[PDB]
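K.L.:
Have a look at this one before I ask anything.
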Amino acid sequence: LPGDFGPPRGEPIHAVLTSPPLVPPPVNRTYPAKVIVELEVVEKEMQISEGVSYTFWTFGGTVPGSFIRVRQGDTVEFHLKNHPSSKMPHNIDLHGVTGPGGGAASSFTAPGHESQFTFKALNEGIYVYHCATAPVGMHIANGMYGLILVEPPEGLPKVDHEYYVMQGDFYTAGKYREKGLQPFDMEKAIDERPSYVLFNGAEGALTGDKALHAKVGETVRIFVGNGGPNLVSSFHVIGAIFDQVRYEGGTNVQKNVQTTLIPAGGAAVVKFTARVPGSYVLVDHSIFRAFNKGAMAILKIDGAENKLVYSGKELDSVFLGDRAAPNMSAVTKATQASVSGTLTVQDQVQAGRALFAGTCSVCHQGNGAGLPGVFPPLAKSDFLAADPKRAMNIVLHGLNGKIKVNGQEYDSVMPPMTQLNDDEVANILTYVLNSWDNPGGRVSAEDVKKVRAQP
Amino acid sequence: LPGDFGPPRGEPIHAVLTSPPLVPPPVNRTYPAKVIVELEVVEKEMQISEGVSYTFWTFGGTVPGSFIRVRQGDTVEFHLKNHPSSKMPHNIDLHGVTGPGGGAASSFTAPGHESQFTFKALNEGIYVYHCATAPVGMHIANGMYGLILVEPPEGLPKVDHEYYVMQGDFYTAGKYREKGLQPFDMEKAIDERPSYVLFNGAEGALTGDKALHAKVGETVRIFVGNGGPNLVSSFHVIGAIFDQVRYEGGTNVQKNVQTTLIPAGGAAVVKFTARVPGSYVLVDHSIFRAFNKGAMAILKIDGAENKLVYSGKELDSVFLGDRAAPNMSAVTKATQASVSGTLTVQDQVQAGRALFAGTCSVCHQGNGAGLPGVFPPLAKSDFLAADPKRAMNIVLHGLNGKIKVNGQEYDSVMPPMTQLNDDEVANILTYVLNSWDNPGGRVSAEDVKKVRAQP
Amino acid sequence: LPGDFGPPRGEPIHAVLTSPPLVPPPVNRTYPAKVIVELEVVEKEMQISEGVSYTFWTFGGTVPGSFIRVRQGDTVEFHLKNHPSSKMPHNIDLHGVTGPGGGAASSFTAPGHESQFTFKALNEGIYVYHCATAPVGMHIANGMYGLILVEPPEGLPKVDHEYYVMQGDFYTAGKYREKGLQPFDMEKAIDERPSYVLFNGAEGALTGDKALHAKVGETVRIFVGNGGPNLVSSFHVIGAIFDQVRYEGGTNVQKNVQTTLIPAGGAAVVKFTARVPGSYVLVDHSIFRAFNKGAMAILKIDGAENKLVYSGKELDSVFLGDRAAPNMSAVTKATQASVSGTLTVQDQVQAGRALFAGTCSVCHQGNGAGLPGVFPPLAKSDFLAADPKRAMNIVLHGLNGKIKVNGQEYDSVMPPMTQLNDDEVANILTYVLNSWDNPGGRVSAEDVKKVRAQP
Ligand code: HEC
Ligand code: HEC
Ligand code: HEC
Ligand SMILES: [Cu+2]
Ligand SMILES: [Cu+2]
Ligand SMILES: [Cu+2]
Ligand SMILES: [Cu+2]
Ligand SMILES: [Cu+2]
Ligand SMILES: [Cu+2]
């Protein structure tokens with residue numbers, strides 16, 4: 001059989017698993033070993049977006065699950081534990097396993113139990129693993145997926161950085177950025193109409209202060225998985241090119257491409273060389289996913305500018321919107337304060353500040369000045385101050401036709417922004433009212449709910 | 001021109017066409033021939049799922065249509081007959097034909113008529129053929145697609161088994177597994193929201209007793225088509241790897257991959273070597289298709305276990321759900337008995353038995369015992385017996401919070417199963433009531449319809 | 001760095017940009033140059049379909065935007081102007097640019113302004129460029145995408161014809177072919193449910209008298225982009241095969257394929273050799289896109305028939321429906337006349353004539369004769385004449401069961417055609433009534449609206 005290099009030798013190895021976005025060290029070994037993998041399923045609430053909770057089902061407490069790294073020809077003794085706090089039974093199917101269910105029938109594990117099975121890793125490559133418990137789509141949609149790397153016997157070529165990025169489509173009862181604990185929505189899942197499309201299980205998991213890092217001149221390998229359950233990723237890096245893309249354990253290697261399709265349940269190894277400094281965006285280039293559902297991750301490159309290659313500026317909020325900033329923690333704080341009934345004006349102002357970036361600043365500017373005659377000012381705006389209820393209607397339903405703001409005529413079009421949630425409109429307008437010599441006061445989520453109910 | 005090896009020689013050959021999942025023998029020929037292909041369009045009702053009828057439009061009486069096998073450089077004389085019972089006109093477009101419409105303008109055929117056209121098979125490869133009659137999407141959605149293989153002149157490498165598997169997306173007015181004759185739904189088709197995603201034109205067409213077969217050590221070639229009309233298949237084999245994947249007549253061959261994207265209207269040849277015994281599942285890994293819409297097929301491998309490669313068990317209903325069993329004929333029988341007005345308790349019990357597998361057994365076990373303190377028993381359940389109407393509400397709408405069953409406390413969550421149809425809930429609960437010393441009696445589809453109407 | 005061949009030499013070149021479907025001449029140069037690209041954003045109403053207006057946002061006044069052609073190693077000085085009539089700010093991200101945002105942060109341009117940035121073209125290949133202004137999906141959905149070709153240093157192999165074809169998905173408030181100025185629909189865009197899927201920004205942009213042309217024996221290169229924003233194209237040529245397909249700047253080249261997947265934001269170079277005369281259809285083979293949403297383009301090959309290769313007829317309206325004809329200008333004229341309140345019977349008749357092709361003629365024939373006993377006549381039809389209101393109901397809601405037409409019995413099924421708009425049903429039936437010795441008169445859109453409101 002391929003990838004059979006004899007029985008295990010040396011000592012049994014306890015696999016060291018890593019949490020995303022990090023990868024275990026290269027196995028750096030010339031002999032086949034018995035590798036003991038211990039993975040524990042944990043069901044738990046986590047933030048899928050600021051102020052939005054979701055009950056994830058996880059391998060190892062993360063989405064995606066712990067990264068497993070072995071060598072082709074290793075005997076893997078796989079232990080799956082199901083934490084006693086679990087409500088569901090779980091199991092595992094690893095791609096790249098040779099045998100029925102990729103482990104599923106022998107890994108069936110009730111809450112508080114443990115199962116084990118053994119397999120030889122015959123197939124080199126990068127592989128998705130996932131839960132295989134009826135209803136299979138529900139388990140995978142709740143975050144039950146990760147990657148296993150089966151190294152070639154000589155190891156992969158040395159790089160400066162290895163990272164772990166996995167896309168998933170998620171199905172909430174509520175709309176995108178609707179606050180609260182969001183249940184799983186089976187109807188959206190069956191229709192393949194996700195509310196979120198994420199890297200590593202949350203909006204902003206790999207942006208701002210959670211960006212991946214490297215330096216000019218360094219090489220980066222990324223193990224990229226698509227857990228699905230349903231979407232195919234038009235996986236793309238903005239402002240850069242992949243030196244190589246290799247799918248699973250495939251013989252074919254594509255070189256010098258920027259855009260590549262990753263099947264549902266598929267995995268690829270990509271390699272990048274950093275040439276110039278700045279933020280490189282990993283996206284699903286089915287563009288409403290990347291810019292309206294959360295499918296964006298950042299690789300931040302530090303080092304010397306090369307004006308002969310690129311004369312231009314670092315990414316800002318015009319392109320990355322509200323993810324240009326280090327974090328949106330102010331949104332989480334305002335949401336918690338609403339729940340507790342302690343929401344202050346300043347809690348709203350700081351949340352609105354975070355959300356104004358891109359969403360409003362692209363036209364009205366970061367300082368609210370606009371552009372005289374083209375985009376009207378929000379800074380010390382007589383039109384804003386004259387009618388705060390009309391301002392709520394303008395955000396939700398748009399504005400067009402001739403208006404006068406601060407003594408100048410505008411005759412343009414502000415598109416409707418009906419996709420903003422009531423708390424988002426309230427916090428943004430509270431921010432604007434409390435900035436730039438505007439009159440202060442506040443807009444409440446209830447205020448906006450009433451305007452939404454009758455335009 | 002490529003693939004032109006002179007005029008036809010020998011005798012004219014009458015092509016021998018096969019029904020899925022079988023393929024005609026290798027042409028085994030060193031000379032170009034005149035090949036006469038006779039294909040007849042038949043419109044007819046068939047079971048798309050147990051107790052669910054659909055009017056298919058077929059090439060040769062099957063979905064997918066009869067497999068056509070010729071050699072590169074053959075002159076093909078193509079005869080399309082439209083059966084007199086047909087209501088629609090039909091035609092054909094074969095991929096791999098060199099000429100406008102791939103045959104469409106010269107194959108236009110009214111009910112009870114016959115058309116013919118001739119083409120040289122210049123392009124080697126595996127190709128989709130399909131109907132090309134306005135409205136083209138409706139004809140293809142009704143099952144009007146198949147494969148034509150144009151062998152290379154030296155033939156393909158010898159294998160132990162060749163099979164024919166074709167994916168299709170289907171659009172019923174009714175929901176998944178809603179019983180009766182289901183009309184085509186143009187609105188779902190335009191929106192690309194299929195009710196079924198199938199291999200070979202039915203749920204269970206290639207599962208249980210209709211599985212594909214081979215033995216350990218044997219090689220299997222599968223000609224895989226995607227008739228669409230609309231979906232792209234994340235085509236995957238669970239627990240195995242493809243030795244080779246080749247698309248259409250492409251020069252590129254990918255090797256050692258498990259997951260591959262097949263375009264709408266695309267076709268690939270895959271090759272598999274059986275290493276260990278068990279059931280290998282072919283799926284569209286857009287996972288709600290495979291596990292909620294019917295997109296699963298089985299290759300069953302017989303032979304000696306190899307514990308050094310895989311220590312684990314054969315696939316069961318935890319992963320394959322209600323398709324683990326040889327067939328679900330009891331569902332078809334119960335549906336026919338409802339139509340006739342002769343439905344008995346035992347008809348319901350046998351249907352419920354089939355549907356309980358996976359759907360309920362994953363948590364409550366095949367014997368209804370559950371797991372004390374974790375999953376409550378359905379076997380001799382005081383809680384079930386106390387309130388059969390509450391049991392209908394629990395299946396449709398779920399259950400959570402503290403309950404007492406057979407003297408033990410449970411504090412867990414049973415998800416809602418609202419996607420089950422009224423007859424399915426009725427038959428499952430009738431099965432449970434008539435098993436395991438439960439009190440007997442029955443639940444009717446009308447009973448469940450009323451509970452669904454007011455939770 | 002790759003593709004760095006020293007500083008620019010010779011004179012600065014002012015790039016000559018072309019409108020689709022044409023491409024600039026090969027750069028035909030042995031030295032790296034400074035290339036000055038000037039591109040202007042124009043927002044403007046254009047016909048997305050006959051009688052259907054849309055406000056496109058364009059690079060250079062077209063969808064897709066002006067084609068840019070440079071050589072690997074050129075220094076590109078990129079000037080983006082935003083026309084003063086613009087309401088939105090715009091920018092650019094070019095795939096294949098090495099640097100953050102592919103130009104986005106340094107190309108931010110308010111109406112009536114100009115921005116510039118410089119980049120070295122290190123990466124050879126074909127690349128999408130698009131707007132990168134929040135909300136990014138809205139800008140791309142409004143048509144803000146095109147192609148840039150970075151030639152290899154020795155140039156591409158010489159061909160007879162080069163063309164420029166780019167797919168896009170579009171999101172109108174109204175349904176497909178609903179007349180009037182159609183606003184952008186953010187809700188459809190987020191759900192990835194386009195109303196139109198087009199080549200080069202309109203239905204019929206590359207059909208009939210706007211077809212691409214070549215002659216038997218000639219080679220055609222097509223630069224194929226997928227602007228998205230959301231869809232993946234199952235890109236296919238009907239009745240022909242691609243000699244080569246190469247994605248972006250990839251090392252891999254696939255040969256001899258008919259069907260290939262182009263990611264959202266992806267681009268490919270395809271090469272075709274014309275073997276026999278006729279119309280070759282480029283489609284997205286997600287078939288409801290091609291035949292129900294506009295995703296069809298034609299390459300028309302003139303020259304000598306080769307009966308040894310293909311004995312069959314040129315494409316007609318059975319396959320291409322209402323796009324078989326040179327244009328559907330009569331629909332545009334009837335729509336304008338309705339708006340003006342000058343709609344005549346003959347305006348309706350000429351519009352109906354155009355729309356009857358395929359839609360009705362596939363069964364009732366181009367002359368309305370039908371096929372005795374199989375498809376009833378519309379020519380001098382007693383059944384039509386007896387009840388014009390019943391004819392409106394038959395088009396919208398279908399007909400089945402026994403009928404008598406012109407003294408012969410029919411017992412067949414005419415499917416419902418509810419997707420036709422009220423003006424389309426009115427114009428088709430006015431055409432039929434005024435043809436073939438039928439009694440004349442007219443059906444109005446208001447007539448059909450009332451029948452639609454109560455079947
Ligand atoms: C450009 C695409 C804009 C974005 C994004 C947002 N706004 Fe806007 N806004 C814009 C225009 C062109 C106009 C004038 C419309 C016209 O009829 O000419 C406006 C107007 C407003 C107003 C009222 C006028 C004023 O006080 O300056 C308000 C209060 C306003 N806009 C607020 C606002 C907020 C809060 C935004 C993000 C949520 C936002 N706008 C986005 C253009 C654009
Ligand atoms: C796990 C994912 C389950 C599946 C699949 C099904 N059921 Fe279930 N069921 C489950 C739990 C954890 C509970 C207890 C909930 C709580 O509040 O603690 C239940 C409960 C029931 C009951 C009532 C209690 C009893 O009689 O044991 C019934 C009647 C029941 N479940 C039926 C049932 C059927 C018929 C199923 C398939 C259609 C099914 N359940 C699936 C967990 C799970
Ligand atoms: C085949 C797929 C058809 C298409 C496309 C259209 N029509 Fe049709 N039509 C068809 C049949 C088989 C029948 C008879 C149905 C039966 O019960 O046997 C009809 C009937 C009509 C009629 C009434 C009878 C007559 O006058 O001949 C009308 C007025 C009619 N059809 C019109 C019509 C138009 C305008 C179409 C395009 C919009 C059209 N039909 C499409 C079969 C088919
Ligand atoms: Cu699980
Ligand atoms: Cu899988
Ligand atoms: Cu047909
Ligand atoms: Cu086709
Ligand atoms: Cu723009
Ligand atoms: Cu892009």
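Labeling convention for the structure tokens: chains A, B, ... as they appear, residues from 1 per chain, ligands from 1 in order of appearance.
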Give me the residues of chain C that have any atom at most 10 Å from an atom of ligand 8; for each, the nearest atom pair and the distance in Å, rounded to one decimal. Use only C-alpha atoms and all ligand atoms, sort by chain and number, and format it as a tab-separated table.

P.N.:
residue	atom	partner	partner_atom_place_in_ligand_line	distance
C:41	CA	ligand 8	1 (Cu)	7.9
C:42	CA	ligand 8	1 (Cu)	9.6
C:43	CA	ligand 8	1 (Cu)	9.2
C:57	CA	ligand 8	1 (Cu)	6.7
C:58	CA	ligand 8	1 (Cu)	8.0
C:59	CA	ligand 8	1 (Cu)	8.8
C:82	CA	ligand 8	1 (Cu)	9.3
C:86	CA	ligand 8	1 (Cu)	9.9
C:88	CA	ligand 8	1 (Cu)	6.9
C:89	CA	ligand 8	1 (Cu)	6.3
C:90	CA	ligand 8	1 (Cu)	3.7
C:91	CA	ligand 8	1 (Cu)	5.9
C:92	CA	ligand 8	1 (Cu)	7.7
C:108	CA	ligand 8	1 (Cu)	9.3
C:109	CA	ligand 8	1 (Cu)	9.1
C:130	CA	ligand 8	1 (Cu)	8.0
C:131	CA	ligand 8	1 (Cu)	4.6
C:132	CA	ligand 8	1 (Cu)	6.5
C:133	CA	ligand 8	1 (Cu)	5.4
C:134	CA	ligand 8	1 (Cu)	8.2
C:135	CA	ligand 8	1 (Cu)	8.6
C:136	CA	ligand 8	1 (Cu)	7.4
C:137	CA	ligand 8	1 (Cu)	9.4
C:138	CA	ligand 8	1 (Cu)	8.1
C:139	CA	ligand 8	1 (Cu)	4.6
C:140	CA	ligand 8	1 (Cu)	7.1
C:141	CA	ligand 8	1 (Cu)	9.7
C:142	CA	ligand 8	1 (Cu)	8.3
C:143	CA	ligand 8	1 (Cu)	8.8
C:144	CA	ligand 8	1 (Cu)	6.1
C:145	CA	ligand 8	1 (Cu)	9.2

K.L.:
Please save C-alpha atoms of the selected residues as an mmCIF file, in the first residue's frame.

P.N.:
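Contents of selection_2.cif, freshly written:
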data_model
loop_
_atom_site.group_PDB
_atom_site.id
_atom_site.type_symbol
_atom_site.label_atom_id
_atom_site.label_comp_id
_atom_site.auth_asym_id
_atom_site.auth_seq_id
_atom_site.Cartn_x
_atom_site.Cartn_y
_atom_site.Cartn_z
ATOM 1 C CA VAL C 41 -15.612 56.508 -13.417
ATOM 2 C CA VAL C 42 -19.027 57.363 -14.934
ATOM 3 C CA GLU C 43 -22.391 56.637 -13.225
ATOM 4 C CA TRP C 57 -21.403 52.590 -12.097
ATOM 5 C CA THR C 58 -18.642 52.097 -14.682
ATOM 6 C CA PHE C 59 -14.925 52.336 -15.298
ATOM 7 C CA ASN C 82 -14.392 60.401 -10.860
ATOM 8 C CA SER C 86 -21.025 61.049 -9.937
ATOM 9 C CA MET C 88 -20.572 58.257 -4.973
ATOM 10 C CA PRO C 89 -16.861 58.174 -4.223
ATOM 11 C CA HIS C 90 -14.953 55.336 -6.020
ATOM 12 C CA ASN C 91 -11.531 53.713 -5.996
ATOM 13 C CA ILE C 92 -9.779 50.719 -7.569
ATOM 14 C CA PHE C 108 -10.009 57.059 -3.168
ATOM 15 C CA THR C 109 -11.685 59.616 -5.490
ATOM 16 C CA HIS C 130 -12.869 46.352 -9.404
ATOM 17 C CA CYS C 131 -14.074 49.175 -7.138
ATOM 18 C CA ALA C 132 -13.081 48.744 -3.458
ATOM 19 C CA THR C 133 -15.345 51.447 -1.848
ATOM 20 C CA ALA C 134 -17.650 50.626 1.117
ATOM 21 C CA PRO C 135 -20.171 49.105 0.562
ATOM 22 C CA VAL C 136 -17.887 47.094 -1.761
ATOM 23 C CA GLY C 137 -20.606 44.607 -2.897
ATOM 24 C CA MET C 138 -22.959 47.435 -4.015
ATOM 25 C CA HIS C 139 -20.209 49.060 -6.204
ATOM 26 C CA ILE C 140 -19.269 45.716 -7.826
ATOM 27 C CA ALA C 141 -22.973 44.755 -8.297
ATOM 28 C CA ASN C 142 -23.473 48.113 -10.114
ATOM 29 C CA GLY C 143 -20.864 47.082 -12.749
ATOM 30 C CA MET C 144 -17.520 48.354 -11.317
ATOM 31 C CA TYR C 145 -15.185 45.647 -12.693
#

K.L.:
Please write out the residues within 9 Å of ligand 9 as a ChimeraX atom specification, counting only C-alpha atoms and all ligand atoms.

P.N.:
/A:236-239,259,283,285,287 /C:93-95,101-102,128-132,227,264-266

K.L.:
Write out as a PDB file with N, CA and C atoms, in the first residue's frame which residues come within 9 Å of residue 394 (chain B) when counting only C-alpha atoms, dropping same-chain ones fewer than 2 positions away.

P.N.:
ATOM      1  N   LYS B 389     -50.013  13.247  22.623  1.00  0.00           N
ATOM      2  CA  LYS B 389     -50.084  14.564  21.935  1.00  0.00           C
ATOM      3  C   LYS B 389     -48.835  15.384  22.268  1.00  0.00           C
ATOM      4  N   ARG B 390     -48.385  15.320  23.515  1.00  0.00           N
ATOM      5  CA  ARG B 390     -47.157  16.020  23.914  1.00  0.00           C
ATOM      6  C   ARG B 390     -45.999  15.390  23.111  1.00  0.00           C
ATOM      7  N   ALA B 391     -46.019  14.089  22.845  1.00  0.00           N
ATOM      8  CA  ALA B 391     -44.924  13.439  22.076  1.00  0.00           C
ATOM      9  C   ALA B 391     -44.853  14.008  20.649  1.00  0.00           C
ATOM     10  N   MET B 392     -46.011  14.268  20.026  1.00  0.00           N
ATOM     11  CA  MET B 392     -46.096  14.902  18.687  1.00  0.00           C
ATOM     12  C   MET B 392     -45.474  16.294  18.771  1.00  0.00           C
ATOM     13  N   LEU B 396     -41.968  17.689  16.688  1.00  0.00           N
ATOM     14  CA  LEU B 396     -42.050  18.867  15.796  1.00  0.00           C
ATOM     15  C   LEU B 396     -41.258  20.034  16.398  1.00  0.00           C
ATOM     16  N   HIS B 397     -41.360  20.295  17.699  1.00  0.00           N
ATOM     17  CA  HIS B 397     -40.954  21.598  18.280  1.00  0.00           C
ATOM     18  C   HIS B 397     -39.810  21.452  19.280  1.00  0.00           C
ATOM     19  N   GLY B 398     -39.371  20.225  19.539  1.00  0.00           N
ATOM     20  CA  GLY B 398     -38.248  19.993  20.459  1.00  0.00           C
ATOM     21  C   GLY B 398     -38.682  19.967  21.908  1.00  0.00           C
ATOM     22  N   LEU B 399     -37.737  19.721  22.812  1.00  0.00           N
ATOM     23  CA  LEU B 399     -38.002  19.704  24.252  1.00  0.00           C
ATOM     24  C   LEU B 399     -36.737  20.153  24.951  1.00  0.00           C
ATOM     25  N   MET B 414     -33.582  18.384  23.264  1.00  0.00           N
ATOM     26  CA  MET B 414     -33.903  17.651  22.027  1.00  0.00           C
ATOM     27  C   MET B 414     -34.245  18.700  20.980  1.00  0.00           C
ATOM     28  N   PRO B 415     -33.449  18.840  19.913  1.00  0.00           N
ATOM     29  CA  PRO B 415     -33.790  19.817  18.899  1.00  0.00           C
ATOM     30  C   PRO B 415     -35.124  19.558  18.216  1.00  0.00           C
ATOM     31  N   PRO B 416     -35.755  20.623  17.684  1.00  0.00           N
ATOM     32  CA  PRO B 416     -36.981  20.490  16.902  1.00  0.00           C
ATOM     33  C   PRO B 416     -36.642  19.741  15.618  1.00  0.00           C
ATOM     34  N   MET B 417     -37.634  19.040  15.100  1.00  0.00           N
ATOM     35  CA  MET B 417     -37.513  18.240  13.862  1.00  0.00           C
ATOM     36  C   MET B 417     -38.688  18.585  12.951  1.00  0.00           C
TER      37      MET B 417
END

K.L.:
Tell me as a ChimeraX atom specification which residues belonging to chain C come within 7 Å of chain B, counting only C-alpha atoms.

P.N.:
/C:193,234,238-241,254-257,259-261,276,278-280,285-288,291,308-316,318-319,321,358-359,362,412-413

K.L.:
Residues within 8 Å of residue 9 (chain C), please, as an MDAnalysis selection string. Count only C-alpha atoms; anything in the same chain fewer than 2 positions from it doesn't count.

P.N.:
chainID C and resid 7 11 31:34

K.L.:
Write the residues of the selection above to a file with C-alpha atoms, as a PDB file, in the first residue's frame.

P.N.:
ATOM      1  CA  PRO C   7      13.813  50.720 -14.526  1.00  0.00           C
ATOM      2  CA  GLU C  11       9.370  57.149 -23.698  1.00  0.00           C
ATOM      3  CA  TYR C  31      11.808  46.764 -22.808  1.00  0.00           C
ATOM      4  CA  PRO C  32      10.009  47.821 -19.588  1.00  0.00           C
ATOM      5  CA  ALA C  33       8.204  51.147 -19.872  1.00  0.00           C
ATOM      6  CA  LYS C  34       6.437  53.706 -17.742  1.00  0.00           C
TER       7      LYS C  34
END

K.L.:
Find the residues around residue 80 (chain A) up to 6 Å (only C-alpha atoms counted), leave out those fewer than 4 positions away in its own chain, and share them as a list in words.

P.N.:
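Within the cut-off, the hits are residues 39, 40, 114 and 115 of chain A.
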
K.L.:
I'd like the neighbourhood of residue 330 (chain B) as a PyMOL selection string, where a residue qualifies if any of its atoms comes within 9 Å (using only C-alpha atoms), though same-chain residues fewer than 3 positions away should be ignored.

P.N.:
chain B and resi 50+327+333-335+347-354

K.L.:
Write the residues you've just listed into a file as a PDB file, in the first residue's frame, and include N, CA, C and O atoms for each of them.

P.N.:
ATOM      1  N   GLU B  50     -39.301   7.424  -1.473  1.00  0.00           N
ATOM      2  CA  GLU B  50     -40.354   6.456  -1.098  1.00  0.00           C
ATOM      3  C   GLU B  50     -41.681   7.192  -0.982  1.00  0.00           C
ATOM      4  O   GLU B  50     -41.807   8.116  -0.156  1.00  0.00           O
ATOM      5  N   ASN B 327     -33.172  -1.141   2.329  1.00  0.00           N
ATOM      6  CA  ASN B 327     -34.202  -0.347   1.606  1.00  0.00           C
ATOM      7  C   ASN B 327     -35.187   0.219   2.632  1.00  0.00           C
ATOM      8  O   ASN B 327     -35.153  -0.172   3.834  1.00  0.00           O
ATOM      9  N   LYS B 333     -44.913   1.309   0.928  1.00  0.00           N
ATOM     10  CA  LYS B 333     -46.128   0.493   1.227  1.00  0.00           C
ATOM     11  C   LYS B 333     -47.112   1.323   2.069  1.00  0.00           C
ATOM     12  O   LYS B 333     -48.310   1.384   1.723  1.00  0.00           O
ATOM     13  N   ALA B 334     -46.639   2.003   3.114  1.00  0.00           N
ATOM     14  CA  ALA B 334     -47.532   2.797   3.981  1.00  0.00           C
ATOM     15  C   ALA B 334     -48.129   3.951   3.186  1.00  0.00           C
ATOM     16  O   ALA B 334     -49.347   4.300   3.382  1.00  0.00           O
ATOM     17  N   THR B 335     -47.328   4.585   2.315  1.00  0.00           N
ATOM     18  CA  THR B 335     -47.847   5.704   1.509  1.00  0.00           C
ATOM     19  C   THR B 335     -48.962   5.203   0.575  1.00  0.00           C
ATOM     20  O   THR B 335     -50.006   5.862   0.546  1.00  0.00           O
ATOM     21  N   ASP B 347     -48.721  -1.375   9.053  1.00  0.00           N
ATOM     22  CA  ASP B 347     -48.162  -0.586   7.921  1.00  0.00           C
ATOM     23  C   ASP B 347     -47.421   0.629   8.507  1.00  0.00           C
ATOM     24  O   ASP B 347     -46.279   0.878   8.110  1.00  0.00           O
ATOM     25  N   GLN B 348     -48.040   1.313   9.460  1.00  0.00           N
ATOM     26  CA  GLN B 348     -47.410   2.490  10.106  1.00  0.00           C
ATOM     27  C   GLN B 348     -46.170   2.076  10.897  1.00  0.00           C
ATOM     28  O   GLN B 348     -45.157   2.793  10.827  1.00  0.00           O
ATOM     29  N   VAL B 349     -46.264   1.013  11.691  1.00  0.00           N
ATOM     30  CA  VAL B 349     -45.146   0.497  12.508  1.00  0.00           C
ATOM     31  C   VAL B 349     -43.923   0.197  11.625  1.00  0.00           C
ATOM     32  O   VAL B 349     -42.809   0.557  12.005  1.00  0.00           O
ATOM     33  N   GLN B 350     -44.101  -0.508  10.507  1.00  0.00           N
ATOM     34  CA  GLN B 350     -42.966  -0.890   9.633  1.00  0.00           C
ATOM     35  C   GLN B 350     -42.395   0.371   8.971  1.00  0.00           C
ATOM     36  O   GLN B 350     -41.159   0.460   8.896  1.00  0.00           O
ATOM     37  N   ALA B 351     -43.229   1.320   8.567  1.00  0.00           N
ATOM     38  CA  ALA B 351     -42.723   2.589   8.011  1.00  0.00           C
ATOM     39  C   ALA B 351     -41.925   3.336   9.089  1.00  0.00           C
ATOM     40  O   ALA B 351     -40.839   3.817   8.793  1.00  0.00           O
ATOM     41  N   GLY B 352     -42.484   3.474  10.288  1.00  0.00           N
ATOM     42  CA  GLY B 352     -41.825   4.160  11.414  1.00  0.00           C
ATOM     43  C   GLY B 352     -40.507   3.517  11.782  1.00  0.00           C
ATOM     44  O   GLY B 352     -39.558   4.275  12.076  1.00  0.00           O
ATOM     45  N   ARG B 353     -40.431   2.191  11.780  1.00  0.00           N
ATOM     46  CA  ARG B 353     -39.183   1.440  12.042  1.00  0.00           C
ATOM     47  C   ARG B 353     -38.076   1.919  11.092  1.00  0.00           C
ATOM     48  O   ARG B 353     -36.944   2.170  11.567  1.00  0.00           O
ATOM     49  N   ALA B 354     -38.375   1.979   9.802  1.00  0.00           N
ATOM     50  CA  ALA B 354     -37.410   2.404   8.774  1.00  0.00           C
ATOM     51  C   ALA B 354     -36.946   3.833   9.056  1.00  0.00           C
ATOM     52  O   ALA B 354     -35.758   4.096   8.925  1.00  0.00           O
TER      53      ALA B 354
END

K.L.:
Would you mind writing down, as a PyMOL selection string, each residue of region 230-324 of chain B that DSSP on the backbone assigns to strand (DSSP E)?

P.N.:
chain B and resi 233-238+242-247+254-257+259-262+267-273+278-284+296-302

K.L.:
Determine, counting only C-alpha atoms, which protein, DNA and RNA residues have an atom within 7 Å of an atom of residue 410 (chain A); residues of the same chain fewer than 6 positions away are not included. Present the result as a PyMOL selection string.

P.N.:
chain A and resi 373-374+376+402-404

K.L.:
Going by DSSP on the backbone, which residues of region 159-286 of chain C come out as alpha helix (DSSP H)? List them as a list in words.

P.N.:
residues 186, 187, 188, 189, 190 and 191 of chain C

K.L.:
Just give me the gap between CA of residue 154 (chain A) and CA of residue 272 (chain A) in Å, one decimal is fine.

P.N.:
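If I compute the distance from CA of residue 154 (chain A) to CA of residue 272 (chain A), I get 21.3 Å.
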